[PDB]
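The opening position of the sequence shown corresponds to residue 263 in the deposited numbering, with each subsequent residue numbered one higher. Worksheet: one structure, shown below.
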Amino acid sequence: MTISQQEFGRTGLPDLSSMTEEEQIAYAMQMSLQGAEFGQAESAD
């Protein structure tokens, strides 16, 4: 296996330098799903 995962790509961030698209789509949903229903505390429009 080759990837490391730890003790290497910790310089600043993951390996988004290769996932780019999938890392921006995967991370995109990440922030878009940081709760459950996008939170409706005071932003239901």
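Heads up, the beta-carbon is just placed ideally off N, CA and C, and yes, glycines get one too.
Secondary structure note for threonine 282: its alpha helix (DSSP H) is the uninterrupted segment 278-294.
Rounded to whole angstroms, the Cβ separation of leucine 295 and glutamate 285 is 15 Å, and the two are not in contact under 8 Å. Between the alpha carbons of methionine 263 and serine 280 lies a distance of about 17 Å.
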